[PDB]
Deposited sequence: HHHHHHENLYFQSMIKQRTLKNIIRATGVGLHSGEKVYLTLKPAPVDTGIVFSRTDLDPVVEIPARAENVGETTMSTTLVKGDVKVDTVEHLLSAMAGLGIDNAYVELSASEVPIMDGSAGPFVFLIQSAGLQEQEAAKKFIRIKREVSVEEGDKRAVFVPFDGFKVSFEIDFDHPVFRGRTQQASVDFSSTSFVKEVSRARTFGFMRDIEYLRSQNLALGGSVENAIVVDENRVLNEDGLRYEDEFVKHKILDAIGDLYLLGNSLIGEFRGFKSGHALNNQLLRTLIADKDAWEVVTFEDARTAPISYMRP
C-alpha cells in the first residue's frame, strides 16, 4: 500500500527573498496524516497559516503567492516543487518573513536538506488526483493542458526569439526518471532588460548570479554558465510541478505547457477542480500495480 509521507526530522535553512531581498529563516516540520503542506508566517502575532492550495493563490504577476487577508507568502513554487518531487504529503513550512528564500534559484538545496533529514512513511493511504478527461486553458498563444496518462509526466515548450535559445522543448516521465536528477537543479532565469525594469520598480531586490541565470542580449553572464543545455525549459517544468502541487495531492496524469507560467497554471488548476467529470481521488492498496513509485524514504 502506497503510504502518506512527512519529514523524519525538522529542517532549518536561511536565505533571501528573490523579490523582497529580505533575510528569511525557514523551518520544515513533520505534520500529521491529511494535513497537506501548510505555510506559516511565524514573524506575526498571532501566527498566520495558509494551506498551499489553489483556493489560496493570490493575484500577483511575479511568482506563485499564497494569501489570507492581506498576509502573503511569495514564491512558493520551488519549495512546493521539491515537496512534490519527493512525495511529501504532510509538512508545516514556517517562514520569518513574506517570501520563501530563493537559495541557488533551483529546488536542489531544498531536496538536499529534505533528503538529509529523511522522510517518514505514515499509516494512511497516499491520495492521488487521477486525470480522467483532457482539460485545457488558452490565453493568446499560451496553452496549458491536463491529459489522462497512467503515470505522471510533464512536457513543456518555451519559444523566446533570443540568441541564447538550446532546446526549448523537454518531456519527463517521472514514473521512470528522478525529479532529483533531471529537474531539481534547474535555476530560474532573468533577462537583463526585465531585471533593470523590476529593479526600477523595487522588485528583484534579492536577485544575483548566485540565485539566477542572468541572460543579457547574447549570453549567460553567470561565470560557470548552465547546469544543463536545456536548463531554461527544465526550470519551467520545475515551476509547473510546484504549481501542480497546489491541488494538494500527487497527480496521475500528464501536464503539457506551451509558453505557460503561474497565472495560466493557476487557471488550469481552478478549471480542473471545477470539472469533477475530469478527475477523481484514488489510493493504491498495492504499490506493485500502481503507475508511479517513490524513492526509498
Tell me, which runs of residues in the deposited sequence have no coordinates at all?
1-13, 179-180
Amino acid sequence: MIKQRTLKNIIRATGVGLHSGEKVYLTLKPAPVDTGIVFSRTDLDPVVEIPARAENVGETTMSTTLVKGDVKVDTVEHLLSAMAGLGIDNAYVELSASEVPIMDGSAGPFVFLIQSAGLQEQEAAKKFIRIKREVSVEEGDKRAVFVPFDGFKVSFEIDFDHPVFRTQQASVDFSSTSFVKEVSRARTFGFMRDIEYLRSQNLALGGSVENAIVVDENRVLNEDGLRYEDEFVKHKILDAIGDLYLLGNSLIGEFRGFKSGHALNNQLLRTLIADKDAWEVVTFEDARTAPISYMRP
From here on, numbers count along this sequence of modelled residues.
Over the set of other compared entries for this protein, does residue 181 lack coordinates in at least a third of them?
no
Checking the other compared PDB entries, only those that cover the residues flanking it, does residue 143 lack coordinates in at least one third?
no
Please work out which of 241-249 and 59-67 has the higher mean CA B-factor as recorded in the PDB entry.
59-67
Averaging CA B factors per stretch from the PDB record, which one is higher: 196-204 or 77-85?
196-204
C-alpha B-factor winner, where the candidates are 152, 92, 110, 160:
160
Per the PDB entry, which option out of 29, 235, 41, 262 has the greatest Cα B factor?
262
Is the Cα B-factor recorded for residue 184 in the lowest, middle or highest third of its chain?
lowest
Relative to the other modelled residues in the chain, which third contains the C-alpha temperature factor of residue 296: lowest, middle or highest?
highest
The third of the chain into which the C-alpha temperature factor of residue 290 falls is the middle
Chain-wide C-alpha B factor ranking for residue 225, given as lowest, middle or highest third:
highest
Could you look up the Cα B-factor of residue 105 in the entry and say which third of the chain it sits in: lowest, middle or highest?
lowest
